[PDB]
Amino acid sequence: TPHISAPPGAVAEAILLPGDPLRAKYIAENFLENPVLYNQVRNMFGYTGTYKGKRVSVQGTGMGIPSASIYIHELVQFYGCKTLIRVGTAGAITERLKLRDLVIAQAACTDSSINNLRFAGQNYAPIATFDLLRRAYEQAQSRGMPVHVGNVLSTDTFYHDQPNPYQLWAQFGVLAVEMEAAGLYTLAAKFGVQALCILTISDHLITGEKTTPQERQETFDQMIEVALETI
């Protein structure tokens, strides 16, 4: 494959998908037994290790739907991945959410043309695999984590033209903004595999607040634990 150079059995069927290749490294080193790097092309780190005697992989996807789609396609179609859990950060767009809240994306809105191209002006809703969603939720519950299940926005545009770019979305119940989930949910459905996006609130886009570095790591770790128990 042009983007992941690894032999065909190097990647586990269950895989975590941070955007940041360094977070992949971080996850492999801190939560997996015997993590072995399988990819370095474009610095996009991927590792395979074990969790409770089962193989788990972790692969950076980069930012945005076009980048993540590349890795997801290759993982599913070339490496046989079946359970794909994105673990990431998001910006909250409602005051009802607080920093360090966990968001489990039931579905993903988008401003990408990904589905407009294919459904030609009809509306396709990219969704999480229910069983995975339900599990993550109960895992988060058992740990007493503040968790919300609902809509996220997958945007192509981190930096906006004008202010209040997310006002309409929030008025329609969207919880948070990130850049990958709509791509993951769409491709998982196309391929008949199972997917979930879990997110940690790092920035509040309404209150202006941002978490401190240590606060991120603490809740990030919790998120990883949920993700691993969700598999």
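All residue numbers are counted from 1 along the displayed sequence.
- Look at the mean CA B-factor for 45-53 and for 62-70 in the entry; the higher one is 45-53.
- Looking at 157-165 and 79-87 together, the entry lists the larger mean B-factor for 157-165, computed on C-alpha atoms.
- Within the listed group 151, 110, 141, 122, the record reports its top CA B-factor for 141.
- Residue 201: CA B factor in the highest third of modelled residues in this chain (values from the PDB entry).
- Remark: residue 30 belongs to the highest third of its chain, ranked by C-alpha B-factor as recorded.
- In this PDB entry, residue 223 carries a Cα temperature factor that places it within the highest third of its chain's modelled residues.
- In this PDB entry, residue 92 carries a Cα temperature factor that places it within the middle third of its chain's modelled residues.
- When all modelled residues of the chain are sorted by CA temperature factor, residue 128 is found within the lowest third.
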